[PDB]
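Some notes on the structure that comes next.
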Amino acid sequence: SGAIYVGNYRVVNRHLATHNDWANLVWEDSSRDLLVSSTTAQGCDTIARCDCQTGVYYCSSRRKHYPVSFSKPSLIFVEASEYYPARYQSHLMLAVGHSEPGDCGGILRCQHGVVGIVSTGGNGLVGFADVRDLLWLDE
Ligand SMILES: NC(=O)[C@H]1CCCN(C(=O)[C@H]2CCOc3ccc(Cl)cc32)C1
Ligand SMILES: [Zn+2]
């Protein structure tokens, strides 16, 4: 579990969105596993607007932060699950690192701010759903 709170927006994994998220829906994309809902309180997170390929992510299954090198956002095949059929997920970045089911929602950050959230993982890999191209999160 985990979310990005920026301005009047809350960014979460689409497969983990609540009834409230859907009732206050701004935008959602199954192909990216992202959902953005509206909030009344103001959000304190800063979003990075960069092309960094290094950063630090929070891993709840280890209660620790880990430094990672990660790939550029791309279309990567993701196995079937209770949430989705087998498909290509877009804007996804992979890194060599630990992750387990339950780690989705962990934030990835570089020196510029929030880069994305854990969305996939397994086999010593961890996948992050990028949010740097969503320029409208700030305005
Ligand atoms: N379609 C997706 O983005 C997700 C939906 C939930 C399920 N997905 C995963 O990748 C699961 C499958 C099992 O192994 C792991 C290990 C670590 C992590 Cl962070 C996630 C998973 C795909
Ligand atoms: Zn950066």
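Atoms within a ligand are numbered from 1 in the order they appear, just like the ligands themselves. Computed over heavy atoms, backbone and side chain alike; hydrogens, waters and symmetry mates excluded. Just so you know, residue 1 is the first one in the sequence shown, and it goes up from there.
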### Task
Going by heavy-atom distance to atom 5 (C) of ligand 1, choose the closest among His15, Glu79, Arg14.
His15
## Note on the structure
Heavy-atom closest pair (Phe77 atom, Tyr88 atom, distance to 0.1 Å) is N-CD2, 3.9 Å
### Per-atom contacts of ligand 1 with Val118, taking only distances under 4.0 Å to non-hydrogen atoms
19 (Cl)
### Query
Between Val11 and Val114, is any pair of side-chain heavy atoms under 4.5 Å apart?
no
### Query
Within the structure, does at least one protein heavy atom fall under 4.0 Å of atom 2 (C) of ligand 1?
yes
### Summary
Under 4.0 Å between heavy atoms, the region of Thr120 that gets near ligand 1 turns out to be both
### Query
With a 4.5 Å limit on heavy-atom distance, are the side chains of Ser119 and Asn13 in contact?
yes
### Query
For the Zn ion (ligand 2), which N, O or S atom of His112 is at the shortest distance?
ND1
### Task
Give the atoms of ligand 1, by number and element, whose distance to some non-hydrogen atom of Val78 is under 4.0 Å.
1 (N), 22 (C)
### Query
Against heavy atoms of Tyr84, which atoms of ligand 1 measure under 4.0 Å?
1 (N)
### Query
So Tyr66 and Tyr57, would you call those rings parallel, tilted or perpendicular, with 30° and 60° as cut-offs?
tilted
### Query
By number and element, which atoms of ligand 1 are closer than 4.0 Å to a non-hydrogen atom of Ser119?
2 (C), 3 (O), 4 (C)
### Task
For the residue pair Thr120 and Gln89, confirm or rule out a side-chain donor-acceptor distance under 3.5 Å.
no
### Query
Which value, rounded to 10°, describes the SG(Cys50)-the Zn ion (ligand 2)-SG(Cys110) angle?
110°
### Query
So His15 and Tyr83, would you call those rings parallel, tilted or perpendicular, with 30° and 60° as cut-offs?
tilted
### Query
Heavy atoms, side chains only, cut-off 4.5 Å: are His91 and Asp29 in contact?
no
### Message
Before you tell me yes or no, could you show the steps for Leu134 and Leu34 under side chain to side chain contact (heavy atoms under 4.5 Å, CB included), namely the whole-Å CA-CA distance, both residues' side-chain angles and the distance that decides it to 0.1 Å?
### Response
CA-CA 11 Å; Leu134 304 173; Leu34 289 179; 4.0 Å; yes
### Message
For atom 13 (C) of ligand 1, what is the closest protein heavy atom, and at what distance to 0.1 Å?
### Response
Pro101 CG, 3.8 Å
### Backbone or side-chain N or O of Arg87 under 3.5 Å from ligand 1 N or O
yes
### Short N or O distance, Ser99 and ligand 1, threshold 3.5 Å exclusive
no
### Task
Give the residue, atom name and distance (to 0.1 Å) of the protein heavy atom nearest atom 14 (O) of ligand 1.
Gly121 O, 3.6 Å
### Query
Considering all protein heavy atoms, does one lie under 4.0 Å from atom 16 (C) of ligand 1?
yes
### Task
Output the list of atoms in ligand 1 that are nearer than 4.0 Å to some heavy atom of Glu100, sorted by atom number.
16 (C), 17 (C), 18 (C), 19 (Cl)
### Query
For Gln89, is at least one N or O under 3.5 Å away from an N or O on ligand 1?
yes
### Query
Is there a side-chain contact between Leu94 and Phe70, using heavy atoms and a 4.5 Å cut-off?
no
### Message
Is the positively charged end of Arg87 above the ring of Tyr84, judged by distance under 6.0 angstrom from the centroid and angle within 45° of the axis?
### Response
yes
### Task
List every atom of ligand 1 that sits less than 4.0 Å from any heavy atom of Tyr83, numbering the atoms from 1 in the order shown and giving each element.
6 (C)
#### Entry: In one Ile/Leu/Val/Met/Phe/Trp/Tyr side-chain cluster, 4.5 Å: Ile76, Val126
no
